[PDB]
$ cat coords_2.tsv   # TSV, N, CA and C atoms
chain	number	residue	atom	x	y	z
A	1	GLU	N	15.65	7.53	-5.96
A	1	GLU	CA	14.32	7.47	-5.31
A	1	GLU	C	14.45	7.43	-3.79
A	2	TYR	N	15.41	6.64	-3.31
A	2	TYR	CA	15.69	6.46	-1.89
A	2	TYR	C	16.02	7.79	-1.22
A	3	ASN	N	16.90	8.57	-1.85
A	3	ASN	CA	17.28	9.86	-1.28
A	3	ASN	C	16.14	10.88	-1.31
A	4	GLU	N	15.31	10.84	-2.35
A	4	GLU	CA	14.16	11.74	-2.46
A	4	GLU	C	13.38	11.58	-1.17
A	5	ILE	N	12.95	10.35	-0.98
A	5	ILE	CA	12.17	9.97	0.18
A	5	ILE	C	12.91	10.22	1.49
A	6	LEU	N	14.17	9.81	1.57
A	6	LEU	CA	14.94	10.01	2.80
A	6	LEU	C	14.99	11.48	3.21
A	7	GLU	N	15.31	12.33	2.25
A	7	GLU	CA	15.41	13.75	2.54
A	7	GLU	C	14.05	14.33	2.89
A	8	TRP	N	12.99	13.87	2.22
A	8	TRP	CA	11.65	14.38	2.52
A	8	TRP	C	11.28	13.99	3.95
A	9	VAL	N	11.46	12.71	4.27
A	9	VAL	CA	11.14	12.22	5.60
A	9	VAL	C	11.91	12.96	6.70
A	10	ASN	N	13.22	13.10	6.52
A	10	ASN	CA	14.05	13.78	7.51
A	10	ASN	C	13.69	15.25	7.68
A	11	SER	N	13.12	15.85	6.65
A	11	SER	CA	12.76	17.26	6.73
A	11	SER	C	11.48	17.49	7.54
A	12	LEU	N	10.73	16.42	7.79
A	12	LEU	CA	9.49	16.49	8.54
A	12	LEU	C	9.76	16.49	10.03
A	13	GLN	N	8.91	17.18	10.78
A	13	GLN	CA	9.10	17.26	12.20
A	13	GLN	C	8.61	16.05	12.96
A	14	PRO	N	9.24	15.74	13.89
A	14	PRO	CA	8.83	14.59	14.71
A	14	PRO	C	7.55	14.98	15.42
A	15	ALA	N	6.53	14.14	15.29
A	15	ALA	CA	5.24	14.41	15.92
A	15	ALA	C	4.99	13.60	17.18
A	16	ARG	N	4.39	14.24	18.17
A	16	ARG	CA	4.04	13.57	19.42
A	16	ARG	C	2.51	13.49	19.50
A	17	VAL	N	1.96	12.30	19.31
A	17	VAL	CA	0.51	12.12	19.39
A	17	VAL	C	0.17	11.92	20.87
A	18	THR	N	-0.52	12.89	21.47
A	18	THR	CA	-0.86	12.81	22.89
A	18	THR	C	-2.24	12.20	23.14
A	19	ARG	N	-3.10	12.18	22.13
A	19	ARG	CA	-4.42	11.60	22.30
A	19	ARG	C	-4.74	10.62	21.18
A	20	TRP	N	-4.34	9.36	21.37
A	20	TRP	CA	-4.59	8.34	20.37
A	20	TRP	C	-6.07	8.07	20.15
A	21	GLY	N	-6.88	8.40	21.15
A	21	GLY	CA	-8.31	8.18	21.04
A	21	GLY	C	-8.97	9.19	20.11
A	22	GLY	N	-8.26	10.27	19.80
A	22	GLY	CA	-8.81	11.29	18.92
A	22	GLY	C	-8.58	11.01	17.44
A	23	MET	N	-8.21	9.78	17.12
A	23	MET	CA	-7.95	9.39	15.74
A	23	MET	C	-9.21	9.38	14.87
A	24	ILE	N	-9.07	9.86	13.64
A	24	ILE	CA	-10.18	9.89	12.69
A	24	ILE	C	-9.95	8.73	11.72
A	25	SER	N	-10.54	7.59	12.04
A	25	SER	CA	-10.38	6.37	11.26
A	25	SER	C	-11.08	6.37	9.91
A	26	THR	N	-12.06	7.25	9.75
A	26	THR	CA	-12.80	7.33	8.50
A	26	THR	C	-12.89	8.78	8.00
A	27	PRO	N	-11.91	9.30	7.57
A	27	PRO	CA	-11.92	10.68	7.07
A	27	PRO	C	-12.72	10.75	5.78
A	28	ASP	N	-13.53	11.80	5.61
A	28	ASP	CA	-14.32	11.93	4.39
A	28	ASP	C	-13.46	12.37	3.22
A	29	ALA	N	-14.07	12.47	2.04
A	29	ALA	CA	-13.37	12.85	0.82
A	29	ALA	C	-12.64	14.19	0.91
A	30	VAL	N	-13.25	15.16	1.59
A	30	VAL	CA	-12.62	16.47	1.72
A	30	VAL	C	-11.37	16.38	2.60
A	31	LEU	N	-11.49	15.75	3.76
A	31	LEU	CA	-10.34	15.64	4.65
A	31	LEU	C	-9.17	14.91	3.97
A	32	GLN	N	-9.49	13.89	3.19
A	32	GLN	CA	-8.46	13.14	2.48
A	32	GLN	C	-7.75	14.04	1.48
A	33	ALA	N	-8.52	14.83	0.74
A	33	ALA	CA	-7.93	15.73	-0.25
A	33	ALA	C	-7.04	16.75	0.45
A	34	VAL	N	-7.51	17.23	1.59
A	34	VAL	CA	-6.77	18.20	2.39
A	34	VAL	C	-5.40	17.68	2.86
A	35	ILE	N	-5.38	16.46	3.38
A	35	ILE	CA	-4.13	15.88	3.85
A	35	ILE	C	-3.18	15.66	2.66
A	36	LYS	N	-3.72	15.24	1.52
A	36	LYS	CA	-2.87	15.06	0.35
A	36	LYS	C	-2.26	16.40	-0.05
A	37	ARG	N	-3.07	17.45	-0.02
A	37	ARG	CA	-2.58	18.77	-0.38
A	37	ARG	C	-1.43	19.15	0.54
A	38	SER	N	-1.57	18.85	1.83
A	38	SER	CA	-0.52	19.16	2.79
A	38	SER	C	0.76	18.36	2.49
A	39	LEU	N	0.59	17.08	2.14
A	39	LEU	CA	1.75	16.23	1.81
A	39	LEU	C	2.48	16.80	0.59
A	40	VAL	N	1.70	17.09	-0.45
A	40	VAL	CA	2.23	17.66	-1.67
A	40	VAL	C	3.02	18.93	-1.41
A	41	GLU	N	2.48	19.82	-0.59
A	41	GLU	CA	3.16	21.07	-0.29
A	41	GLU	C	4.40	20.89	0.56
A	42	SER	N	4.46	19.81	1.34
A	42	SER	CA	5.62	19.56	2.18
A	42	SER	C	6.74	18.94	1.33
A	43	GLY	N	6.47	18.73	0.04
A	43	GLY	CA	7.46	18.15	-0.85
A	43	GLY	C	7.48	16.63	-0.92
A	44	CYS	N	6.37	15.99	-0.55
A	44	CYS	CA	6.30	14.53	-0.57
A	44	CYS	C	6.58	13.99	-1.97
A	45	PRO	N	7.33	13.12	-2.07
A	45	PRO	CA	7.65	12.55	-3.39
A	45	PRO	C	6.41	11.93	-4.05
A	46	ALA	N	6.23	12.21	-5.33
A	46	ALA	CA	5.10	11.70	-6.10
A	46	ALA	C	5.01	10.18	-6.12
A	47	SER	N	6.15	9.51	-5.99
A	47	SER	CA	6.17	8.05	-6.02
A	47	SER	C	5.45	7.39	-4.85
A	48	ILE	N	5.17	8.13	-3.78
A	48	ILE	CA	4.49	7.55	-2.63
A	48	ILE	C	3.32	8.37	-2.09
A	49	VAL	N	3.18	9.61	-2.55
A	49	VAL	CA	2.10	10.45	-2.03
A	49	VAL	C	0.70	9.83	-2.11
A	50	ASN	N	0.36	9.22	-3.24
A	50	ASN	CA	-0.96	8.60	-3.40
A	50	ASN	C	-1.17	7.36	-2.52
A	51	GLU	N	-0.10	6.61	-2.26
A	51	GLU	CA	-0.22	5.41	-1.44
A	51	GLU	C	-0.46	5.78	0.03
A	52	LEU	N	0.20	6.84	0.49
A	52	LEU	CA	0.01	7.29	1.87
A	52	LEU	C	-1.44	7.70	2.13
A	53	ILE	N	-2.03	8.41	1.18
A	53	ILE	CA	-3.41	8.87	1.34
A	53	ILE	C	-4.38	7.69	1.34
A	54	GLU	N	-4.14	6.73	0.47
A	54	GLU	CA	-5.00	5.56	0.43
A	54	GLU	C	-4.94	4.95	1.82
A	55	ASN	N	-3.76	5.05	2.45
A	55	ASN	CA	-3.56	4.47	3.77
A	55	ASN	C	-3.81	5.44	4.94
A	56	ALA	N	-4.77	6.34	4.78
A	56	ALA	CA	-5.09	7.28	5.84
A	56	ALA	C	-6.48	6.95	6.36
A	57	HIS	N	-7.02	5.83	5.86
A	57	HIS	CA	-8.36	5.38	6.23
A	57	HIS	C	-8.39	3.90	6.62
A	58	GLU	N	-9.27	3.54	7.56
A	58	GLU	CA	-9.41	2.16	8.05
A	58	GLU	C	-9.35	1.09	6.97
A	59	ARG	N	-10.25	1.20	6.00
A	59	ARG	CA	-10.36	0.26	4.90
A	59	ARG	C	-9.03	-0.15	4.31
A	60	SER	N	-8.00	0.65	4.55
A	60	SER	CA	-6.69	0.35	3.98
A	60	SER	C	-5.60	0.10	5.02
A	61	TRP	N	-5.91	0.32	6.30
A	61	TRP	CA	-4.94	0.13	7.37
A	61	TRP	C	-4.59	-1.32	7.69
A	62	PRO	N	-3.54	-1.54	8.16
A	62	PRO	CA	-3.12	-2.90	8.52
A	62	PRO	C	-3.96	-3.40	9.69
A	63	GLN	N	-4.17	-4.71	9.77
A	63	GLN	CA	-4.98	-5.33	10.81
A	63	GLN	C	-4.78	-4.83	12.25
A	64	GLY	N	-3.57	-4.38	12.58
A	64	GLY	CA	-3.33	-3.87	13.92
A	64	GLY	C	-4.06	-2.56	14.17
A	65	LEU	N	-4.62	-1.97	13.11
A	65	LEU	CA	-5.33	-0.68	13.19
A	65	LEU	C	-6.72	-0.74	12.54
A	66	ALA	N	-7.07	-1.90	12.00
A	66	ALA	CA	-8.34	-2.09	11.30
A	66	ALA	C	-9.62	-1.64	11.99
A	67	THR	N	-9.87	-2.16	13.18
A	67	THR	CA	-11.10	-1.83	13.89
A	67	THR	C	-10.90	-0.98	15.13
A	68	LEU	N	-12.00	-0.40	15.62
A	68	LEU	CA	-11.96	0.44	16.80
A	68	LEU	C	-11.58	-0.31	18.07
A	69	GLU	N	-12.11	-1.53	18.22
A	69	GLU	CA	-11.81	-2.35	19.38
A	69	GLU	C	-10.33	-2.74	19.38
A	70	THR	N	-9.80	-3.03	18.20
A	70	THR	CA	-8.40	-3.40	18.06
A	70	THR	C	-7.52	-2.19	18.40
A	71	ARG	N	-7.90	-1.03	17.88
A	71	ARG	CA	-7.16	0.20	18.14
A	71	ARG	C	-7.13	0.48	19.65
A	72	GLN	N	-8.24	0.20	20.34
A	72	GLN	CA	-8.30	0.43	21.77
A	72	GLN	C	-7.36	-0.53	22.49
A	73	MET	N	-7.33	-1.77	22.03
A	73	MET	CA	-6.47	-2.76	22.65
A	73	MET	C	-4.98	-2.54	22.35
A	74	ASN	N	-4.68	-2.03	21.16
A	74	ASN	CA	-3.29	-1.79	20.73
A	74	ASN	C	-2.73	-0.40	21.03
A	75	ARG	N	-3.45	0.37	21.83
A	75	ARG	CA	-3.03	1.73	22.17
A	75	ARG	C	-1.62	1.80	22.74
A	76	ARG	N	-1.29	0.86	23.63
A	76	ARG	CA	0.03	0.83	24.25
A	76	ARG	C	1.16	0.74	23.23
A	77	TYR	N	0.91	0.10	22.09
A	77	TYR	CA	1.96	-0.03	21.09
A	77	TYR	C	2.14	1.20	20.21
A	78	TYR	N	1.10	2.01	20.06
A	78	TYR	CA	1.18	3.20	19.22
A	78	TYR	C	2.24	4.18	19.71
A	79	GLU	N	2.48	4.21	21.03
A	79	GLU	CA	3.49	5.09	21.64
A	79	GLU	C	4.87	4.84	21.03
A	80	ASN	N	5.06	3.65	20.48
A	80	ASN	CA	6.34	3.30	19.89
A	80	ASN	C	6.50	3.66	18.41
A	81	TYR	N	5.45	4.16	17.78
A	81	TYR	CA	5.55	4.56	16.38
A	81	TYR	C	6.54	5.72	16.25
A	82	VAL	N	7.30	5.74	15.16
A	82	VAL	CA	8.21	6.85	14.86
A	82	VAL	C	7.33	7.63	13.89
A	83	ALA	N	6.74	8.71	14.39
A	83	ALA	CA	5.81	9.51	13.61
A	83	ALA	C	6.31	10.90	13.24
A	84	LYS	N	6.09	11.26	11.98
A	84	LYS	CA	6.48	12.56	11.45
A	84	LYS	C	5.23	13.41	11.21
A	85	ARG	N	5.32	14.68	11.58
A	85	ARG	CA	4.23	15.63	11.45
A	85	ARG	C	3.94	16.08	10.01
A	86	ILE	N	2.67	16.13	9.64
A	86	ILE	CA	2.28	16.62	8.33
A	86	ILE	C	2.07	18.12	8.63
A	87	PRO	N	2.79	18.88	8.11
A	87	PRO	CA	2.74	20.34	8.30
A	87	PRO	C	1.38	21.04	8.28
A	88	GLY	N	1.11	21.80	9.33
A	88	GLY	CA	-0.14	22.54	9.43
A	88	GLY	C	-1.37	21.70	9.73
A	89	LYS	N	-1.18	20.43	10.06
A	89	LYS	CA	-2.33	19.59	10.33
A	89	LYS	C	-2.21	18.71	11.57
A	90	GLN	N	-3.35	18.22	12.04
A	90	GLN	CA	-3.39	17.32	13.18
A	90	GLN	C	-3.31	15.93	12.57
A	91	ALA	N	-2.17	15.65	11.95
A	91	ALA	CA	-1.96	14.38	11.28
A	91	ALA	C	-0.48	14.02	11.20
A	92	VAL	N	-0.21	12.73	11.14
A	92	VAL	CA	1.16	12.24	11.07
A	92	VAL	C	1.30	11.19	9.99
A	93	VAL	N	2.54	10.95	9.59
A	93	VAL	CA	2.84	9.91	8.62
A	93	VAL	C	3.73	8.91	9.37
A	94	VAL	N	3.46	7.62	9.19
A	94	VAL	CA	4.28	6.59	9.81
A	94	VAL	C	4.89	5.82	8.65
A	95	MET	N	6.16	6.10	8.38
A	95	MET	CA	6.88	5.46	7.29
A	95	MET	C	7.37	4.07	7.66
A	96	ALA	N	7.12	3.11	6.79
A	96	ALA	CA	7.54	1.74	7.02
A	96	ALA	C	9.04	1.68	7.22
A	97	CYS	N	9.77	2.49	6.45
A	97	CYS	CA	11.23	2.52	6.49
A	97	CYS	C	11.86	3.03	7.78
A	98	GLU	N	11.03	3.48	8.72
A	98	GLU	CA	11.57	3.85	10.01
A	98	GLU	C	10.74	3.28	11.16
A	99	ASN	N	9.93	2.28	10.85
A	99	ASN	CA	9.09	1.61	11.83
A	99	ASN	C	9.18	0.09	11.73
A	100	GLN	N	10.34	-0.40	11.31
A	100	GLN	CA	10.55	-1.83	11.18
A	100	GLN	C	10.38	-2.51	12.55
A	101	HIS	N	10.56	-1.75	13.63
A	101	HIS	CA	10.41	-2.31	14.98
A	101	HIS	C	8.96	-2.67	15.32
A	102	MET	N	8.00	-2.13	14.56
A	102	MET	CA	6.57	-2.41	14.78
A	102	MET	C	6.21	-3.66	13.96
A	103	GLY	N	5.14	-4.35	14.33
A	103	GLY	CA	4.74	-5.53	13.58
A	103	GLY	C	4.29	-5.21	12.15
A	104	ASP	N	4.11	-6.23	11.32
A	104	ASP	CA	3.67	-6.02	9.93
A	104	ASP	C	2.17	-5.73	9.98
A	105	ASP	N	1.60	-5.94	11.16
A	105	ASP	CA	0.19	-5.70	11.41
A	105	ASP	C	0.05	-4.29	11.96
A	106	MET	N	1.17	-3.60	12.12
A	106	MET	CA	1.17	-2.24	12.65
A	106	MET	C	1.48	-1.20	11.58
A	107	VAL	N	2.10	-1.64	10.50
A	107	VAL	CA	2.42	-0.71	9.42
A	107	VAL	C	2.53	-1.42	8.06
A	108	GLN	N	2.52	-0.66	6.97
A	108	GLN	CA	2.60	-1.24	5.66
A	108	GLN	C	3.35	-0.28	4.73
A	109	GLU	N	3.97	-0.81	3.63
A	109	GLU	CA	4.71	-0.03	2.69
A	109	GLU	C	3.84	0.83	1.79
A	110	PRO	N	4.20	1.94	1.56
A	110	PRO	CA	5.44	2.66	1.99
A	110	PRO	C	5.28	3.28	3.39
A	111	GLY	N	4.05	3.36	3.87
A	111	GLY	CA	3.80	3.92	5.18
A	111	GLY	C	2.31	4.15	5.32
A	112	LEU	N	1.88	4.82	6.38
A	112	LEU	CA	0.45	5.08	6.54
A	112	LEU	C	0.26	6.46	7.16
A	113	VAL	N	-0.97	6.96	7.07
A	113	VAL	CA	-1.31	8.27	7.60
A	113	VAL	C	-2.42	8.16	8.63
A	114	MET	N	-2.25	8.86	9.74
A	114	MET	CA	-3.26	8.87	10.78
A	114	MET	C	-3.61	10.32	11.05
A	115	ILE	N	-4.89	10.63	10.93
A	115	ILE	CA	-5.40	11.98	11.14
A	115	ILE	C	-6.10	11.99	12.49
A	116	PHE	N	-5.92	13.07	13.24
A	116	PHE	CA	-6.54	13.20	14.55
A	116	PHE	C	-7.37	14.48	14.63
A	117	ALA	N	-8.31	14.49	15.57
A	117	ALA	CA	-9.15	15.65	15.77
A	117	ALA	C	-8.34	16.67	16.56
A	118	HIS	N	-7.38	16.18	17.33
A	118	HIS	CA	-6.55	17.04	18.16
A	118	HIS	C	-5.50	16.21	18.90
A	119	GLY	N	-4.66	16.89	19.67
A	119	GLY	CA	-3.65	16.21	20.46
A	119	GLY	C	-2.30	15.99	19.82
A	120	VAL	N	-2.16	16.41	18.56
A	120	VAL	CA	-0.89	16.24	17.87
A	120	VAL	C	-0.04	17.49	18.04
A	121	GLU	N	1.08	17.36	18.73
A	121	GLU	CA	1.96	18.49	18.94
A	121	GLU	C	3.42	18.17	18.65
A	122	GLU	N	4.25	19.20	18.64
A	122	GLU	CA	5.67	19.05	18.37
A	122	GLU	C	6.36	18.48	19.60
A	123	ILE	N	7.42	17.70	19.36
A	123	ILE	CA	8.18	17.10	20.46
A	123	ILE	C	9.08	18.15	21.10

$ encode --input "coords_2.tsv" --output "structure tokens"
Amino acid sequence: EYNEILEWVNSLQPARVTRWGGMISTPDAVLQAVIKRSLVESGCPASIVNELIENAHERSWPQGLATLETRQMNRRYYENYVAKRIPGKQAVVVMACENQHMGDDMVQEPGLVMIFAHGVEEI
């Protein structure tokens, strides 16, 4: 299981989020399905694909990302996330297994997904 995930994660491109304010904290049902489709096509392991999507919305994000005011205050810390690009989308995955340096209020197992309106580019 570890290698499945490790190889999948390493195969993803490192993402550079240039506009943290462009985050979509409440993606609708269609956008959520779309990001899952992208994860599935990138070879995301079935053992975690559903958990990541659940964690692509506020209601499921860790307290460090829960509210808009908090997100505004914690912007400086987001620069330190080790983020991987979801192929073909303005979205990234933040895996717990490579973000231990962030607080437990900044990430959760197995990881989380952040979708943006724009500003996500390759490093």

$ closest_atom_pairs --input "coords_2.tsv" --of "segment 1-74 of chain A" --to "segment 99-121 of chain A" --cutoff "6 Å" --atoms "only N, CA and C atoms" --output "tab-separated table"
residue	atom	partner	partner_atom	distance
A:15	CA	A:121	C	5.0
A:16	N	A:121	C	4.1
A:17	CA	A:120	CA	4.6
A:18	N	A:119	C	3.9
A:19	N	A:119	CA	4.4
A:22	C	A:117	N	4.0
A:23	CA	A:116	CA	4.2
A:24	N	A:115	C	3.8
A:52	C	A:113	N	5.0
A:55	C	A:113	N	3.9
A:56	CA	A:113	C	4.0
A:57	N	A:113	C	5.9
A:62	C	A:105	C	4.7
A:63	N	A:105	CA	4.8
A:64	N	A:105	C	3.7
A:65	N	A:105	C	5.3

$ atom_distance --input "coords_2.tsv" --atom1 "atom CA of residue 4 of chain A" --atom2 "atom CA of residue 97 of chain A"
13.2 Å

$ residues_around --input "coords_2.tsv" --residues "residue 76 of chain A" --least-positions-apart "4" --cutoff "12 Å" --atoms "only C-alpha atoms" --output "list in words"
residues 19, 20, 21, 64, 70, 71, 72, 80, 81 and 102 of chain A

$ atom_distance --input "coords_2.tsv" --atom1 "atom C of residue 45 of chain A" --atom2 "atom C of residue 31 of chain A"
17.8 Å

$ atom_distance --input "coords_2.tsv" --atom1 "atom CA of residue 54 of chain A" --atom2 "atom CA of residue 26 of chain A"
11.4 Å

$ select_by_dssp --input "coords_2.tsv" --residues "chain A" --states "alpha helix (DSSP H)" --output "ChimeraX atom specification"
/A:2-11,29-41,46-54,68-73,75-78

$ closest_residue --input "coords_2.tsv" --among "A:27, A:44, A:66, A:92" --to "residue 5 of chain A" --atoms "only N, CA and C atoms"
A:44

$ closest_residue --input "coords_2.tsv" --among "A:41, A:14, A:30, A:122" --to "residue 95 of chain A" --atoms "only C-alpha atoms"
A:14

$ closest_residue --input "coords_2.tsv" --among "A:38, A:29, A:9, A:1" --to "residue 86 of chain A" --atoms "only C-alpha atoms"
A:38

$ select_by_dssp --input "coords_2.tsv" --residues "chain A" --states "strand (DSSP E)" --output "ChimeraX atom specification"
/A:15-17,84-85,91-95,111-115,120-122

$ closest_residue --input "coords_2.tsv" --among "A:25, A:11, A:60, A:3" --to "residue 42 of chain A" --atoms "only N, CA and C atoms"
A:11
